[PDB]
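Structural description and commentary
What follows is the residue order along each chain.
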Amino acid sequence: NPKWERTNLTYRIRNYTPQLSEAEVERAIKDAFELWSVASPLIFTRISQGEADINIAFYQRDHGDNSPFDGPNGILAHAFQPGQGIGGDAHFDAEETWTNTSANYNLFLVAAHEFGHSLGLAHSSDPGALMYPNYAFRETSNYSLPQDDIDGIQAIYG
Ligand SMILES: O=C1N=C(O)NC(=O)[C@@]1(c1ccccc1)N1CCC(CCO)CC1
Ligand SMILES: [Ca+2]
Ligand SMILES: [Ca+2]
Ligand SMILES: [Zn+2]
Ligand SMILES: [Zn+2]
C-alpha cells in the first residue's frame, strides 16, 4: 500500500494546454484536489518554483517515462503511485481535446481521477465511482466525491 507519509503535499503545474486559459486549467486542478481534501486529512498546496510532491504536466507521445501517450483518445492520462521523484506525478495527454464543459474531455474529471492514483487508490469495480476504469462525464457543478471513493481514501489516510 504505497501512500504518502505526510499530509500536506505540494503540487506544481509545469505546463498548460493551449485549449484552455491558464486560470481555467488552474481552477480545474484546484477543484480536483479539493474533492479529495474534504474527505481526508490531506492538504494540497500549489507552488510555482522548486520541487513539488505532485508534478502535473501535459505531454505528447514519448515523454521520458516508459509510457508514451497514444495520441487522440485511448488513454487520456496517467499518474504514479505515491513516492519520491516521479512518484505521485500525473501526466495528461497533450493531444486530447481538453475542456471545461460536457465535451470530451473534461479536465476537472480526468484530473480528479488521476489524483486518486497519485494518492494511492486503485481502480474500483463500482460503475458509479470516480475511480472506475472508464471515462464518463457527470455534471461538474457542485460535483462531490462518490461514496465508494470516500471509502477508498478513508481506508488509506483516515
Ligand atoms: O482508467 C483510466 N485511468 C487512468 O489513469 N488514465 C486513463 O486515461 C483512464 C481514465 C478513466 C477515467 C477518468 C480519467 C482517465 N482511462 C480512460 C478511459 C479509457 C477507455 C479506453 O476505452 C481507459 C483508461
Ligand atoms: Ca490519448
Ligand atoms: Ca513526485
Ligand atoms: Zn508519463
Ligand atoms: Zn485510472
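Residues numbered from 1 in each chain as written, not as in the entry; some residues may be left out. Chains lettered and ligands numbered in written order. Heavy atoms only, no water.

- Per the PDB entry, the recorded name for the chain is Matrix Metalloproteinase 8, and the organism is Homo sapiens.
- This deposition appears in the PDB under the title "Crystal Structure of MMP8-Barbiturate Complex Reveals Mechanism for Collagen Substrate Recognition".

1. Some details on the coordination of the calcium ion (ligand 3)
- Binding of the calcium ion (ligand 3) to the protein goes through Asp53 (O), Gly85 (O), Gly87 (O) and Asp89 (OD), at separations of 2.2 to 2.4 Å.
- Each donor residue of the calcium ion (ligand 3) lies on one chain, and together they are spaced D-x31-G-x1-G-x1-D. The pair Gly87 / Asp89 is uniform in exposure class, with both members buried. (Donors = N, O, S within 2.8 Å, 3.2 Å for Na, K, Ca; no water. Buried < 20%, exposed > 50% of the residue type's maximum accessible area, 1.4 Å probe, protein only.)

2. Comments concerning the pairing of strand 5 (residues 90-93)
- Taking every second residue as pointing to the same face, both faces of strand 5 are buried, with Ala90 and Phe92 on one and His91 and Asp93 on the other.
- Where strand 4 (residues 77-79) meets strand 5, 3 bridges bridge the pair, whose relative direction is antiparallel. Bridging from a neighbouring strand, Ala77 pairs with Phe92 of strand 5. (Helix = DSSP H or I, 4+ residues; strand = E, 2+ residues; numbered from the N terminus. Pairing = 2+ DSSP bridges.)

3. Points about the site of ligand 1
- Neighbouring residues of ligand 1: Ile75, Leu76, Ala77, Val110, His113, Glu114, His117, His123, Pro133, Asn134 and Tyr135.
- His113 places a side-chain nitrogen or oxygen 3.0 Å from a nitrogen atom of ligand 1.
- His123 is positioned such that a nitrogen or oxygen atom in its side chain is 3.4 Å from an oxygen atom of ligand 1.
- In the complex, the protein chains occlude 71% of the 500 Å² of accessible area that ligand 1 would expose alone.
- A total of 4 residues in the shell around ligand 1 trace back to one element, the largest contributor, which is helix 2 (residues 107-118).
- Counted by class, the shell around ligand 1 contains 6 nonpolar, 4 polar and 1 charged residues. (Near = heavy atom within 4 Å. Polar contact = N/O pair within 3.5 Å; in protein donor to acceptor, adjacent residues only side chain to side chain. Areas by Shrake-Rupley, 256 points an atom, 1.4 Å probe, with all protein chains shown as cover. Nonpolar A, V, L, I, M, F, W, Y, C, P; charged D, E, K, R; others polar.)

4. Focus: helix 3 (residues 147-157)
- Every buried residue of helix 3 is listed here: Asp149, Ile153, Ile156 and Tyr157. Buried residues of helix 3, seen end-on, are gathered within an arc of 80° and therefore sit on one face of the element. Those residues of helix 3 that are exposed and angled more than 90 degrees off the buried face are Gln147 and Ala155.
- Those residues of helix 3 hidden inside the fold are in contact with helix 1 (22-37).
- Where helix 3 terminates, the next one or two residues include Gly158, which has phi positive at roughly 75°. (Arc of directions from axis to C-beta. Contact = heavy atoms within 4.5 Å.)

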